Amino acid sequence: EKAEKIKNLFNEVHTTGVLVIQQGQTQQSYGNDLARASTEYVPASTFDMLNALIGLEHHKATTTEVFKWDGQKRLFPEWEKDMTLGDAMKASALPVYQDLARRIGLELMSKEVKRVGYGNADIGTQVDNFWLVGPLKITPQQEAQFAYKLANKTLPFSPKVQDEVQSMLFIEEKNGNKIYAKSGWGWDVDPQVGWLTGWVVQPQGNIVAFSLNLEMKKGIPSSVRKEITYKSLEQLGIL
């Protein structure tokens, strides 16, 4: 019954999507197009999570430094403010993560993306846009696995840096559950891709990772990603 209900949540907003859930070493898929789970998409802003891990691990940034807004118009007004890396994570402020990517540099970025085995691990030659328009791609299954490992601090990085990136991703504590999440919207690719990748830590300690992936269309508000995710997690008894 739960799976049917989640399928219809996607039908109700008139697009196709999948929600991958990971608990322990096994995954389940829900939604109205389950085949999306094993299909590659650009990560868009969801790459910020790995960008931050690499930057912190290799001492290219700190968690307390402030990226000051220089007063120049940004793509979105939400980005026109002083930000730490964590603030920029929450706002998905691309210019901050492009700055970070340039600090890391192509050689180190390529080595680390390959070491961690992220998606197709192909970053090409352009260090500041490879996660937006290709060539880097990743499946929702892979995003859920990545989130699960970050949640358990089992990515191949220091525990300190994984703890720091977790803190950047914290959304809220709701009914005792701690919710961590990163959204993404690849709007200038066709078709458009929407992401919400994260995890829940339940009061008893259990970790449940998720990755929502759907086709974004004109007339579908971006708030659908969080709404469908939370409702689905509630249906599953995860929230």
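Start at 1 and count along the sequence shown; that's the residue number.
For the pair 15 to 23 and 220 to 228, the mean Cα B-factor is higher in 220 to 228. In this crystal structure, the stretch out of 188 to 196 and 206 to 214 whose C-alpha atoms carry the higher mean B factor is 188 to 196. Taking only the listed residues 143, 128, 112, 163, the entry reports the highest CA temperature factor at 128. Each of 68, 58, 178, 182 has a CA temperature factor in the record; the biggest one is found at 68.
For residue 120, the recorded CA B-factor ranks within the middle third of the chain. Only modelled residues enter the ranking. Ranked within its chain, residue 51 lands in the lowest third, by CA B factor from the PDB record.
Ranked by Cα temperature factor within the chain, residue 42 sits in the lowest third according to the deposited record.
Per the PDB record, residue ranking by Cα B-factor puts residue 149 in the lowest third of the chain.
In the deposited entry, the Cα temperature factor of residue 95 sits in the middle third of values across the chain's modelled residues.
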